[PDB]
């Protein structure tokens, strides 16, 4: 069939990340998949990425890491981290990332709460099935089949950390046409755009951006030095076309001496999420790149909902965080649970996209859900006549 997912050489709509990696590497085996700046630069082709992650999955499989297993991953932003994730998922296991700078008490708390079965880490954690350093993953690979293990689902695919709270994604990793299209409409990401990653891979947003980027055949550029002047140089030098960032980074980049439209001209889309972006900072970026290039996603508290808004809509609805994505709905309600008129202030109830409905805060009791699938955390705001949502405080 002829899929919106242009690499899908197969028969089903839904494709796992490993199968998608296979398809992409068949189409362009020797193009660069990941570029890593460490000054020191390393690269890996789609074909190597595919082959090494398959070899590493066979090692997981021999060690009985699979569905039901949880693999803690504490590599920094590196090729090896990327390989590890694909290998974990190719084996059906659940990926659990944390900072490579996590403190000992946090590692201890995470192990004592989740009880992971293995790990990728530079410092050896006792009592696990294995604990491989970044150098050791190549040794674990040596000798193993270059063919991917037979395709399989990894559910849950991830547990992530935000004293500590753990969020578990009870759905298999991968995407279908509808979810790719929808990701592309909310983020501005298209097919075959060089992406620069400037968030840590253990955060949820940068995780999505990197692996949805690789899923779409985009080359991923990773950097360890997140100094703004450096980031800007990397944008130019690699002709970056897509970048996701937090508002803090947008604020610093806009303040660099000299900067202007021309420095960012390679960009097709800038996506921002994961912190308040003031109207001032938004206007500055709309003026730097053009309003159709600024994409924003606002994920509500506790996953009750997700909105998005593009810069040209934001100029027409200034202050808004967008409209609920896809088939999601928002309902602004008064103190008796009744929906109100446009511009009236009340509690924000929302329905959630598919993926959020099967996302769980571990050891936290879920929210009350009203009829239609509506939840609230008590946020206060309003909608305008076109359904754009605004916060009051």
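Residue numbers count along the first chain shown, from 1.
Going from residue 162 to residue 163, the model skips 4 to 9 deposited residues, which lack coordinates. Unmodelled stretch separating residue 38 from residue 39: 1 to 3 residues (count of deposited-sequence residues without coordinates). In this entry, 139-147 shows the higher mean Cα temperature factor of the pair 277-285 and 139-147.
Mean CA B-factor, 66-74 versus 353-361: the higher value falls on 353-361. Residue-level inspection of the entry shows that, of 303, 209, 128, 270, 303 has the top Cα B-factor. Looking only at 156, 213, 200, 258, the residue with the top Cα B factor in the deposited structure is 258. Residue 226: CA B factor in the highest third of modelled residues in this chain (values from the PDB entry). Per the deposited record, the Cα B-factor of residue 376 falls in the middle third when ranked against the other modelled residues of its chain. In this PDB entry, the Cα temperature factor of residue 252 sits in the middle third of its chain's modelled residues. Ranked by Cα temperature factor within the chain, residue 7 sits in the middle third according to the deposited record. Compared with the other modelled residues of the chain, the Cα B-factor recorded for residue 181 ranks in the lowest third.
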